[PDB]
Every structure is written in C-alpha cells, then in structure tokens.
file entry13.tsv (TSV, C-alpha atoms)
chain	number	residue	atom	x	y	z
A	15	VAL	CA	6.08	3.57	22.35
A	16	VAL	CA	4.26	0.40	21.39
A	17	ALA	CA	0.72	-0.01	20.16
A	18	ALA	CA	-0.86	-3.41	19.61
A	19	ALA	CA	-4.30	-4.08	18.20
A	20	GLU	CA	-5.87	-7.51	17.82
A	21	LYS	CA	-9.17	-8.44	16.27
A	22	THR	CA	-10.39	-12.05	16.28
A	23	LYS	CA	-13.67	-13.10	14.71
A	33	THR	CA	-32.08	-4.41	8.10
A	34	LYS	CA	-29.69	-1.50	7.80
A	35	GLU	CA	-26.41	-1.64	9.71
A	36	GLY	CA	-23.83	1.14	9.53
A	37	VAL	CA	-25.62	3.36	7.03
A	38	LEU	CA	-25.21	7.17	6.83
A	39	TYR	CA	-26.99	9.74	4.71
A	40	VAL	CA	-25.57	13.27	4.65
A	41	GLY	CA	-26.72	16.25	2.64
A	42	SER	CA	-24.69	19.44	2.91
A	43	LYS	CA	-25.02	22.86	1.34
A	44	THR	CA	-22.53	25.59	2.15
A	45	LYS	CA	-22.13	28.79	0.24
A	46	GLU	CA	-18.57	29.31	1.57
A	47	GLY	CA	-16.27	26.89	3.37
A	48	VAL	CA	-12.75	27.23	4.78
A	49	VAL	CA	-11.49	24.14	6.63
A	50	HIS	CA	-8.04	23.77	8.22
A	51	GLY	CA	-7.74	20.04	9.07
A	52	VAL	CA	-4.70	19.46	11.21
A	53	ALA	CA	-2.34	22.42	11.31
A	54	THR	CA	0.85	23.23	13.15
A	55	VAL	CA	2.05	26.79	12.69
A	56	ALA	CA	5.22	28.25	14.09
A	57	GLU	CA	6.35	31.82	13.73
A	58	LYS	CA	9.59	32.90	15.38
A	59	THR	CA	9.58	29.74	17.44
A	60	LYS	CA	12.50	27.70	18.67
A	61	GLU	CA	11.22	24.23	19.41
A	62	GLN	CA	7.82	22.87	18.52
A	63	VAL	CA	7.11	19.21	18.87
A	64	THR	CA	3.64	18.03	17.88
A	65	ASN	CA	1.92	14.70	17.41
A	66	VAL	CA	-1.56	14.09	16.08
A	67	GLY	CA	-2.82	10.54	16.27
A	68	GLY	CA	-6.02	8.71	15.56
A	69	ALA	CA	-8.81	9.91	13.44
A	70	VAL	CA	-9.52	13.51	12.94
A	71	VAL	CA	-12.46	14.42	10.84
A	72	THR	CA	-12.80	18.09	10.02
A	73	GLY	CA	-15.59	19.56	8.01
A	74	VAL	CA	-18.00	22.39	7.59
A	75	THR	CA	-20.04	19.26	8.01
A	76	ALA	CA	-18.19	16.40	9.68
A	77	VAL	CA	-19.53	12.93	10.25
A	78	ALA	CA	-17.69	10.06	11.85
A	79	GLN	CA	-19.57	6.77	12.13
A	80	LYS	CA	-18.32	3.55	13.65
A	81	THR	CA	-14.74	4.88	13.60
A	82	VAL	CA	-12.99	1.91	15.25
A	83	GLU	CA	-15.21	-1.16	15.33
A	84	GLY	CA	-12.10	-3.30	15.39
A	85	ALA	CA	-9.65	-2.87	18.20
A	86	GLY	CA	-7.63	0.38	17.68
A	87	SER	CA	-4.52	1.44	19.60
A	88	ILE	CA	-2.65	4.72	19.55
A	89	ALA	CA	0.51	5.22	21.55
A	90	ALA	CA	2.35	8.51	21.55
A	91	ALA	CA	5.47	9.75	23.20
A	92	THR	CA	5.90	13.39	22.32
A	93	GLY	CA	8.62	15.61	23.67
A	94	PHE	CA	12.19	16.57	24.14
A	95	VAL	CA	15.05	15.59	26.39
A	96	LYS	CA	17.82	18.09	27.04
B	15	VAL	CA	3.91	4.39	26.49
B	16	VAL	CA	2.07	1.24	25.51
B	17	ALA	CA	-1.47	0.87	24.27
B	18	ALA	CA	-3.08	-2.52	23.70
B	19	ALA	CA	-6.51	-3.15	22.28
B	20	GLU	CA	-8.11	-6.56	21.88
B	21	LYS	CA	-11.43	-7.45	20.32
B	22	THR	CA	-12.68	-11.06	20.31
B	23	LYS	CA	-15.96	-12.07	18.72
B	33	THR	CA	-34.27	-3.19	12.09
B	34	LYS	CA	-31.85	-0.29	11.81
B	35	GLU	CA	-28.58	-0.47	13.73
B	36	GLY	CA	-25.97	2.29	13.57
B	37	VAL	CA	-27.73	4.54	11.08
B	38	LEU	CA	-27.29	8.34	10.89
B	39	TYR	CA	-29.04	10.93	8.77
B	40	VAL	CA	-27.59	14.45	8.74
B	41	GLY	CA	-28.70	17.45	6.73
B	42	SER	CA	-26.64	20.62	7.03
B	43	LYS	CA	-26.95	24.05	5.47
B	44	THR	CA	-24.43	26.75	6.29
B	45	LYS	CA	-24.00	29.96	4.40
B	46	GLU	CA	-20.44	30.44	5.75
B	47	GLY	CA	-18.16	27.99	7.54
B	48	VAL	CA	-14.64	28.30	8.96
B	49	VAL	CA	-13.42	25.18	10.81
B	50	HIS	CA	-9.97	24.77	12.41
B	51	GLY	CA	-9.71	21.04	13.24
B	52	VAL	CA	-6.69	20.43	15.38
B	53	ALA	CA	-4.30	23.36	15.51
B	54	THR	CA	-1.11	24.14	17.37
B	55	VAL	CA	0.12	27.69	16.92
B	56	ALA	CA	3.30	29.12	18.33
B	57	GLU	CA	4.46	32.67	18.00
B	58	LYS	CA	7.71	33.72	19.66
B	59	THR	CA	7.67	30.55	21.71
B	60	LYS	CA	10.56	28.48	22.94
B	61	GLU	CA	9.25	25.02	23.66
B	62	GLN	CA	5.85	23.69	22.75
B	63	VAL	CA	5.10	20.04	23.09
B	64	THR	CA	1.62	18.89	22.08
B	65	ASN	CA	-0.12	15.58	21.59
B	66	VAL	CA	-3.61	15.01	20.24
B	67	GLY	CA	-4.90	11.46	20.42
B	68	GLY	CA	-8.11	9.67	19.68
B	69	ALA	CA	-10.89	10.91	17.56
B	70	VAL	CA	-11.56	14.51	17.07
B	71	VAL	CA	-14.49	15.46	14.97
B	72	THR	CA	-14.79	19.13	14.17
B	73	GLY	CA	-17.57	20.63	12.15
B	74	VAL	CA	-19.94	23.49	11.74
B	75	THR	CA	-22.01	20.37	12.14
B	76	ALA	CA	-20.20	17.50	13.80
B	77	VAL	CA	-21.57	14.03	14.36
B	78	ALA	CA	-19.76	11.14	15.94
B	79	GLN	CA	-21.67	7.87	16.20
B	80	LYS	CA	-20.45	4.63	17.72
B	81	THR	CA	-16.86	5.92	17.69
B	82	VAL	CA	-15.15	2.94	19.33
B	83	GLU	CA	-17.39	-0.12	19.38
B	84	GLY	CA	-14.31	-2.29	19.45
B	85	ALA	CA	-11.86	-1.88	22.26
B	86	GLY	CA	-9.80	1.34	21.76
B	87	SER	CA	-6.69	2.37	23.70
B	88	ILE	CA	-4.80	5.63	23.67
B	89	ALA	CA	-1.63	6.09	25.68
B	90	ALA	CA	0.23	9.37	25.70
B	91	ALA	CA	3.36	10.58	27.37
B	92	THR	CA	3.83	14.21	26.50
B	93	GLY	CA	6.56	16.41	27.87
B	94	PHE	CA	10.14	17.33	28.36
B	95	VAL	CA	12.98	16.31	30.62
B	96	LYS	CA	15.77	18.79	31.29
C	15	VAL	CA	8.25	2.75	18.18
C	16	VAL	CA	6.46	-0.45	17.23
C	17	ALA	CA	2.92	-0.89	16.02
C	18	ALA	CA	1.36	-4.31	15.49
C	19	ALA	CA	-2.07	-5.02	14.10
C	20	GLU	CA	-3.61	-8.46	13.73
C	21	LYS	CA	-6.91	-9.43	12.20
C	22	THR	CA	-8.10	-13.05	12.23
C	23	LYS	CA	-11.37	-14.13	10.67
C	33	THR	CA	-29.88	-5.64	4.10
C	34	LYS	CA	-27.52	-2.70	3.78
C	35	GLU	CA	-24.23	-2.80	5.67
C	36	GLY	CA	-21.68	0.00	5.48
C	37	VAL	CA	-23.49	2.20	2.98
C	38	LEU	CA	-23.12	6.00	2.76
C	39	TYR	CA	-24.94	8.55	0.64
C	40	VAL	CA	-23.54	12.09	0.56
C	41	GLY	CA	-24.73	15.06	-1.46
C	42	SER	CA	-22.73	18.26	-1.20
C	43	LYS	CA	-23.10	21.67	-2.79
C	44	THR	CA	-20.63	24.43	-2.00
C	45	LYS	CA	-20.27	27.63	-3.92
C	46	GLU	CA	-16.71	28.19	-2.60
C	47	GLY	CA	-14.37	25.79	-0.80
C	48	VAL	CA	-10.85	26.17	0.59
C	49	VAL	CA	-9.56	23.10	2.45
C	50	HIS	CA	-6.10	22.76	4.03
C	51	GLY	CA	-5.76	19.04	4.89
C	52	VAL	CA	-2.71	18.50	7.02
C	53	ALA	CA	-0.38	21.48	7.10
C	54	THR	CA	2.81	22.33	8.93
C	55	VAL	CA	3.98	25.89	8.45
C	56	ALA	CA	7.13	27.39	9.83
C	57	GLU	CA	8.23	30.97	9.46
C	58	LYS	CA	11.47	32.08	11.09
C	59	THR	CA	11.50	28.93	13.17
C	60	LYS	CA	14.44	26.92	14.39
C	61	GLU	CA	13.20	23.44	15.15
C	62	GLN	CA	9.81	22.05	14.27
C	63	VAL	CA	9.13	18.38	14.64
C	64	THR	CA	5.66	17.16	13.67
C	65	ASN	CA	3.98	13.82	13.22
C	66	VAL	CA	0.49	13.18	11.90
C	67	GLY	CA	-0.73	9.61	12.11
C	68	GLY	CA	-3.92	7.75	11.41
C	69	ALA	CA	-6.73	8.92	9.30
C	70	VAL	CA	-7.47	12.51	8.79
C	71	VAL	CA	-10.43	13.39	6.69
C	72	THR	CA	-10.80	17.05	5.87
C	73	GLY	CA	-13.61	18.48	3.86
C	74	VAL	CA	-16.05	21.29	3.44
C	75	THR	CA	-18.06	18.14	3.88
C	76	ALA	CA	-16.18	15.31	5.55
C	77	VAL	CA	-17.48	11.83	6.14
C	78	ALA	CA	-15.62	8.98	7.74
C	79	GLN	CA	-17.46	5.68	8.04
C	80	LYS	CA	-16.17	2.47	9.57
C	81	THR	CA	-12.61	3.83	9.50
C	82	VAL	CA	-10.83	0.89	11.16
C	83	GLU	CA	-13.02	-2.20	11.25
C	84	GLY	CA	-9.89	-4.32	11.31
C	85	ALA	CA	-7.43	-3.85	14.11
C	86	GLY	CA	-5.44	-0.59	13.57
C	87	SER	CA	-2.34	0.51	15.48
C	88	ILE	CA	-0.50	3.81	15.41
C	89	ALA	CA	2.67	4.34	17.39
C	90	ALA	CA	4.48	7.65	17.37
C	91	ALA	CA	7.59	8.93	19.01
C	92	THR	CA	7.99	12.57	18.11
C	93	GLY	CA	10.69	14.82	19.44
C	94	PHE	CA	14.25	15.80	19.90
C	95	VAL	CA	17.13	14.86	22.15
C	96	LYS	CA	19.88	17.39	22.78
D	15	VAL	CA	10.39	1.93	14.05
D	16	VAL	CA	8.62	-1.28	13.13
D	17	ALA	CA	5.09	-1.77	11.92
D	18	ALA	CA	3.56	-5.20	11.41
D	19	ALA	CA	0.13	-5.94	10.04
D	20	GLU	CA	-1.38	-9.40	9.69
D	21	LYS	CA	-4.68	-10.40	8.18
D	22	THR	CA	-5.84	-14.04	8.22
D	23	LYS	CA	-9.10	-15.16	6.68
D	33	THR	CA	-27.71	-6.86	0.12
D	34	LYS	CA	-25.38	-3.91	-0.22
D	35	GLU	CA	-22.08	-3.97	1.66
D	36	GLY	CA	-19.55	-1.14	1.45
D	37	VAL	CA	-21.39	1.02	-1.06
D	38	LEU	CA	-21.05	4.84	-1.30
D	39	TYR	CA	-22.90	7.35	-3.43
D	40	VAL	CA	-21.54	10.91	-3.52
D	41	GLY	CA	-22.75	13.85	-5.56
D	42	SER	CA	-20.78	17.08	-5.32
D	43	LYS	CA	-21.19	20.48	-6.92
D	44	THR	CA	-18.73	23.26	-6.15
D	45	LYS	CA	-18.41	26.45	-8.09
D	46	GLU	CA	-14.85	27.05	-6.79
D	47	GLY	CA	-12.49	24.68	-4.98
D	48	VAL	CA	-8.97	25.10	-3.60
D	49	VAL	CA	-7.64	22.04	-1.72
D	50	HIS	CA	-4.18	21.75	-0.16
D	51	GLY	CA	-3.81	18.03	0.72
D	52	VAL	CA	-0.74	17.53	2.84
D	53	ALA	CA	1.56	20.53	2.91
D	54	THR	CA	4.75	21.42	4.72
D	55	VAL	CA	5.88	24.99	4.22
D	56	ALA	CA	9.03	26.52	5.59
D	57	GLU	CA	10.09	30.11	5.19
D	58	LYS	CA	13.33	31.26	6.81
D	59	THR	CA	13.39	28.12	8.90
D	60	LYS	CA	16.35	26.14	10.13
D	61	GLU	CA	15.14	22.65	10.90
D	62	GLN	CA	11.76	21.23	10.05
D	63	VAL	CA	11.12	17.56	10.44
D	64	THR	CA	7.66	16.30	9.48
D	65	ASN	CA	6.00	12.94	9.05
D	66	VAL	CA	2.52	12.26	7.74
D	67	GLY	CA	1.33	8.68	7.97
D	68	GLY	CA	-1.84	6.79	7.29
D	69	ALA	CA	-4.67	7.93	5.18
D	70	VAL	CA	-5.44	11.51	4.65
D	71	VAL	CA	-8.41	12.35	2.57
D	72	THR	CA	-8.83	16.00	1.72
D	73	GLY	CA	-11.66	17.40	-0.29
D	74	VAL	CA	-14.11	20.19	-0.71
D	75	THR	CA	-16.09	17.02	-0.25
D	76	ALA	CA	-14.19	14.22	1.43
D	77	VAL	CA	-15.46	10.72	2.04
D	78	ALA	CA	-13.56	7.90	3.65
D	79	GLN	CA	-15.38	4.58	3.97
D	80	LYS	CA	-14.06	1.40	5.51
D	81	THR	CA	-10.50	2.79	5.43
D	82	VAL	CA	-8.69	-0.13	7.09
D	83	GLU	CA	-10.86	-3.24	7.21
D	84	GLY	CA	-7.71	-5.32	7.27
D	85	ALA	CA	-5.25	-4.82	10.05
D	86	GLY	CA	-3.29	-1.55	9.49
D	87	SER	CA	-0.19	-0.42	11.39
D	88	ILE	CA	1.62	2.90	11.30
D	89	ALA	CA	4.79	3.47	13.27
D	90	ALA	CA	6.57	6.80	13.23
D	91	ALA	CA	9.67	8.11	14.86
D	92	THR	CA	10.04	11.75	13.94
D	93	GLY	CA	12.73	14.03	15.25
D	94	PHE	CA	16.27	15.05	15.69
D	95	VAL	CA	19.17	14.14	17.94
D	96	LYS	CA	21.90	16.70	18.55
E	15	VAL	CA	12.54	1.11	9.89
E	16	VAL	CA	10.80	-2.12	8.98
E	17	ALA	CA	7.26	-2.64	7.80
E	18	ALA	CA	5.76	-6.09	7.31
E	19	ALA	CA	2.34	-6.87	5.94
E	20	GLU	CA	0.86	-10.34	5.62
E	21	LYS	CA	-2.44	-11.38	4.12
E	22	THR	CA	-3.56	-15.02	4.18
E	23	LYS	CA	-6.82	-16.18	2.66
E	33	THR	CA	-25.52	-8.08	-3.88
E	34	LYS	CA	-23.22	-5.10	-4.24
E	35	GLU	CA	-19.91	-5.13	-2.36
E	36	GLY	CA	-17.41	-2.28	-2.60
E	37	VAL	CA	-19.28	-0.14	-5.11
E	38	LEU	CA	-18.98	3.67	-5.36
E	39	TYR	CA	-20.85	6.16	-7.50
E	40	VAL	CA	-19.52	9.73	-7.61
E	41	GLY	CA	-20.77	12.65	-9.65
E	42	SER	CA	-18.83	15.90	-9.44
E	43	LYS	CA	-19.27	19.28	-11.05
E	44	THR	CA	-16.84	22.09	-10.30
E	45	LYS	CA	-16.55	25.28	-12.25
E	46	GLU	CA	-13.00	25.91	-10.96
E	47	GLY	CA	-10.61	23.58	-9.16
E	48	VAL	CA	-7.08	24.03	-7.79
E	49	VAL	CA	-5.72	21.00	-5.91
E	50	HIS	CA	-2.25	20.74	-4.35
E	51	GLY	CA	-1.84	17.03	-3.46
E	52	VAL	CA	1.23	16.57	-1.34
E	53	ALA	CA	3.51	19.59	-1.30
E	54	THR	CA	6.69	20.51	0.50
E	55	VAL	CA	7.79	24.09	-0.02
E	56	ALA	CA	10.93	25.66	1.33
E	57	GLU	CA	11.96	29.25	0.92
E	58	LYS	CA	15.19	30.44	2.52
E	59	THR	CA	15.29	27.31	4.62
E	60	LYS	CA	18.27	25.36	5.85
E	61	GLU	CA	17.10	21.87	6.64
E	62	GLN	CA	13.73	20.41	5.80
E	63	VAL	CA	13.12	16.73	6.21
E	64	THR	CA	9.67	15.44	5.27
E	65	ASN	CA	8.04	12.06	4.86
E	66	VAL	CA	4.56	11.35	3.56
E	67	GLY	CA	3.40	7.76	3.81
E	68	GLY	CA	0.25	5.84	3.15
E	69	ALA	CA	-2.60	6.94	1.05
E	70	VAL	CA	-3.41	10.51	0.51
E	71	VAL	CA	-6.39	11.31	-1.57
E	72	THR	CA	-6.84	14.96	-2.43
E	73	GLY	CA	-9.69	16.33	-4.44
E	74	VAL	CA	-12.17	19.09	-4.86
E	75	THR	CA	-14.13	15.91	-4.38
E	76	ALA	CA	-12.19	13.12	-2.70
E	77	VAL	CA	-13.42	9.62	-2.07
E	78	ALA	CA	-11.50	6.83	-0.46
E	79	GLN	CA	-13.28	3.49	-0.12
E	80	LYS	CA	-11.93	0.33	1.44
E	81	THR	CA	-8.39	1.75	1.33
E	82	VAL	CA	-6.54	-1.14	3.01
E	83	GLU	CA	-8.68	-4.28	3.14
E	84	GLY	CA	-5.51	-6.33	3.20
E	85	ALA	CA	-3.05	-5.80	5.97
E	86	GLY	CA	-1.12	-2.51	5.40
E	87	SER	CA	1.98	-1.34	7.28
E	88	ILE	CA	3.76	1.99	7.16
E	89	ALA	CA	6.93	2.60	9.13
E	90	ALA	CA	8.67	5.94	9.06
E	91	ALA	CA	11.77	7.29	10.67
E	92	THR	CA	12.10	10.92	9.74
E	93	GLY	CA	14.77	13.24	11.03
E	94	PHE	CA	18.31	14.29	11.46
E	95	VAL	CA	21.22	13.42	13.69
E	96	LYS	CA	23.93	16.01	14.29
call {"tool": "encode", "arguments": {"input": "entry13.tsv", "output": "structure tokens"}}
result
Amino acid sequence: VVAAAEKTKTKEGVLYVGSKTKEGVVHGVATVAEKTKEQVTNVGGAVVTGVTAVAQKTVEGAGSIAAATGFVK
Amino acid sequence: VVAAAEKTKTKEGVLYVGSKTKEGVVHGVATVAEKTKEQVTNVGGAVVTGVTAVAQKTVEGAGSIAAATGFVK
Amino acid sequence: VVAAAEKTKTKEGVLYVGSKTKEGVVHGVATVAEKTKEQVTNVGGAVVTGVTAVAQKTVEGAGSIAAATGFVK
Amino acid sequence: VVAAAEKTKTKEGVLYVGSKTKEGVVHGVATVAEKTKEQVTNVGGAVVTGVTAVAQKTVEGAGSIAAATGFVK
Amino acid sequence: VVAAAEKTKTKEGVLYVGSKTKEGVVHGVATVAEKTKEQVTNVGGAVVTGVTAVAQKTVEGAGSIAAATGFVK
C-alpha cells in the first residue's frame, strides 16, 4: 500500500458562505458496530460534512490515496 | 495497491453560497453493522455531504486513489 | 504502508463564512462498538465536520495517504 | 509504516468567520466501546470539527500520512 | 513506524473570527471504554474541535504522520 505525491513548480480561490440553521445534527465519519464480529473500515481523503458543506480546490497539488482494507483468514 | 500523483508546473475559482435550513441532519460517511460477521469497507477520495453541498475544482492537480478492499479465506 | 509527499518550488485563497445556528450537535469522527468482537478502523486525510463546514485549498502541496487496515488470522 | 514529506523552496490565505450558536455540542474524534472485545482505531491527518468548521489551506507543504491499523492472530 | 519531514528554504495568513455561543460542550479527542477488554486507539495529526473551529494553513511545512495501531496475539 504505497501512495506517492509529487508537486514541482482578480480573485482566485475565493469563497463566501453564509449559513443559518435553526437546528443541526451532523455525523461526520462514523463506524458503528452492534453485536458484530469483524468490522474493518477505512476512510481516506477529504470528507467534508455539513448542514452546509463547501469544498473548494481540495487537491490543487498532486494527491494520492492508497488503501488496502480487509482480512485474511 | 499503489497510487501515484504527479503535478509539474477576472474571477477564477470563486464560489458564493447562501444556505438557510430550519432543520438539518447529515450523516457523512457511515458504516453500520448490526449482528454482522464480516464487514469490510473502504471510502476514498472526496466526499462532500451537506444539506447544501458544494464541491468546486476538487482535484485540479493530478489525484490518484487506489483501493483493494476485501477478504481472502 | 508507505506514503511519500514531495513539494518543490488580487485576492487568492480568501474565505468569508458567517454562520448562525440556534442548536448544533456535531460528531466529527466516531467509532462506536457495542457488544462487538473485532473492530478495526482507520480514518485518514482531512475530515471537516460542521453544522457549517468549509474546506478550501485543502492540499495545495502534494499530499499522500496510505492505509492498510485489517486483520490476519 | 513509513511516511516521508519533503518541501523545498493583495490578500493571500485570509479567512473571516463569524459564528453565533445558542447551543453547541461537538464530539471531535471519539472512540466508544461498550462490552467490546477488541477495538483498534487510528485517526490520522487533520480533523476539524465544529458547529462551524473551517479548514483553509490545510497542507500547502507536502503532507504524508501512513497508517497500518489492525490485528494479527 | 517512521515519519520523516524535511523543509528547506498585503495580507498573508490572516484570520478574523468572532464567535458567540450561549452554551458550549466540546469533547475534543475522547476514547471511552465500558466493560471492554482490549481497546487500542491512536489519534495523530491536528484535530481542531470547537463550537467554532478554524484551521488555517495547518501544515505549510512538510508534515508526516506514521501510525501502526493494533495488536498481535
């Protein structure tokens, strides 16, 4: 499991957000197990969670994610 | 499982968002197991979750995701 | 599990956010196990969780995430 | 599990946030186990959790996360 | 488990935040075990938790996190 990223090197990249929420419940990244034997989970990269969510320009530079997720029996 | 990313190198990339929500519930990335034996899960890359979700220009630079997900018995 | 990142080297990158929420519950990253035997979890990279969430320009420089998640029996 | 990061080397990178919340509960990163045998968890990278969450320019420099998470029996 | 970071070398990097919250409960990073046998947890990198959370420019310099988390039986 190898990840390699290389980077070699007027409004730009500007965000305005206004949010009004009377009630918010946000769970993000969740793993829940009840009465479970084996649970293998991988979350990688960018997760944005919101009642309002904005992602801008998330990976302008090279980004690499490598995941091996699992079990051997 | 190998990921490689390489990058070699007027309004641009500008977002305006206004959001109003009286109630919001957002779950993002969730794995739930009840009474489960084996559960293998991989989430990779960018997940944006919102009552309002905006993704702009997510990977201008080279992005790589590699996933191997599973079990061997 | 190897990750390598290399970086070699008017409004830019500016965000305005206004948020009003009467009530907020946010869970971020959560792993919950009840009555569970084995639970293996990996969260990698950037997670932004909010009643309002903004991510801007998250990885301008090269970013690498490598994950191996799991069990061998 | 090896991570290597190398870096070699008008408003820029400016954020304004205003937030008003009458009530906030935020959980950040949480692992909860009740009546659980084995729970292996890894959280890596940047997690921002908020009733309002802003992440700007999180990794301009090269960032690497490597995780091996799990058990061998 | 090895991490190596190398760094070799008008408003820039400026944040304004105003927050008003009548009530706040924030949990940061929490591991809770009740009636649990084995619980192995690793939190790495930057976690910002807030009723209002702002992260700006978190790792301009090269940052590396390496984690091995788990048990061998």
call {"tool": "atom_distance", "arguments": {"input": "entry13.tsv", "atom1": "atom CA of residue 87 of chain D", "atom2": "atom CA of residue 81 of chain E"}}
result
13.2 Å
call {"tool": "residues_near_point", "arguments": {"input": "entry13.tsv", "point": "(-26.8, -7.0, -1.5)", "cutoff": "8 Å", "atoms": "only C-alpha atoms", "output": "number ranges by chain"}}
result
C: 33-34; D: 33-35; E: 33-35
call {"tool": "atom_distance", "arguments": {"input": "entry13.tsv", "atom1": "atom CA of residue 50 of chain A", "atom2": "atom CA of residue 59 of chain D"}}
result
21.9 Å
call {"tool": "closest_residue", "arguments": {"input": "entry13.tsv", "among": "E:67, E:73, E:84, E:36", "to": "residue 48 of chain E", "atoms": "only C-alpha atoms"}}
result
E:73
call {"tool": "atom_distance", "arguments": {"input": "entry13.tsv", "atom1": "atom CA of residue 43 of chain C", "atom2": "atom CA of residue 45 of chain D"}}
result
8.5 Å
call {"tool": "interface_residues", "arguments": {"input": "entry13.tsv", "of": "chain E", "to": "chain C", "cutoff": "9 Å", "atoms": "only C-alpha atoms", "output": "PDB file with C-alpha atoms, keeping the file's coordinate frame"}}
result
ATOM      1  CA  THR E  59      15.290  27.310   4.620  1.00  0.00           C
ATOM      2  CA  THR E  72      -6.840  14.960  -2.430  1.00  0.00           C
ATOM      3  CA  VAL E  74     -12.170  19.090  -4.860  1.00  0.00           C
ATOM      4  CA  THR E  75     -14.130  15.910  -4.380  1.00  0.00           C
ATOM      5  CA  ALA E  76     -12.190  13.120  -2.700  1.00  0.00           C
ATOM      6  CA  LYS E  80     -11.930   0.330   1.440  1.00  0.00           C
ATOM      7  CA  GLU E  83      -8.680  -4.280   3.140  1.00  0.00           C
ATOM      8  CA  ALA E  85      -3.050  -5.800   5.970  1.00  0.00           C
ATOM      9  CA  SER E  87       1.980  -1.340   7.280  1.00  0.00           C
ATOM     10  CA  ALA E  89       6.930   2.600   9.130  1.00  0.00           C
ATOM     11  CA  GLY E  93      14.770  13.240  11.030  1.00  0.00           C
TER      12      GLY E  93
END
call {"tool": "decode", "arguments": {"input": "entry13.tsv", "residues": "segment 34-50 of chain D", "atoms": "C-alpha atoms", "output": "short mmCIF file (atom, residue, chain, number, x, y, z; two decimals), in the first residue's frame"}}
result
data_model
loop_
_atom_site.label_atom_id
_atom_site.label_comp_id
_atom_site.auth_asym_id
_atom_site.auth_seq_id
_atom_site.Cartn_x
_atom_site.Cartn_y
_atom_site.Cartn_z
CA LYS D 34 -4.77 39.14 0.21
CA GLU D 35 -3.47 35.57 0.26
CA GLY D 36 -4.76 32.95 2.68
CA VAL D 37 -7.18 35.16 4.60
CA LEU D 38 -10.34 33.90 6.36
CA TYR D 39 -13.11 35.79 8.11
CA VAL D 40 -15.61 33.75 10.15
CA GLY D 41 -18.48 34.98 12.27
CA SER D 42 -20.44 32.39 14.22
CA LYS D 43 -23.40 32.62 16.56
CA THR D 44 -24.83 29.49 18.14
CA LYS D 45 -27.23 29.43 21.02
CA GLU D 46 -26.31 25.81 21.90
CA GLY D 47 -23.39 23.69 20.72
CA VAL D 48 -22.33 20.10 21.45
CA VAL D 49 -19.29 18.92 19.46
CA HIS D 50 -17.66 15.49 19.76
#
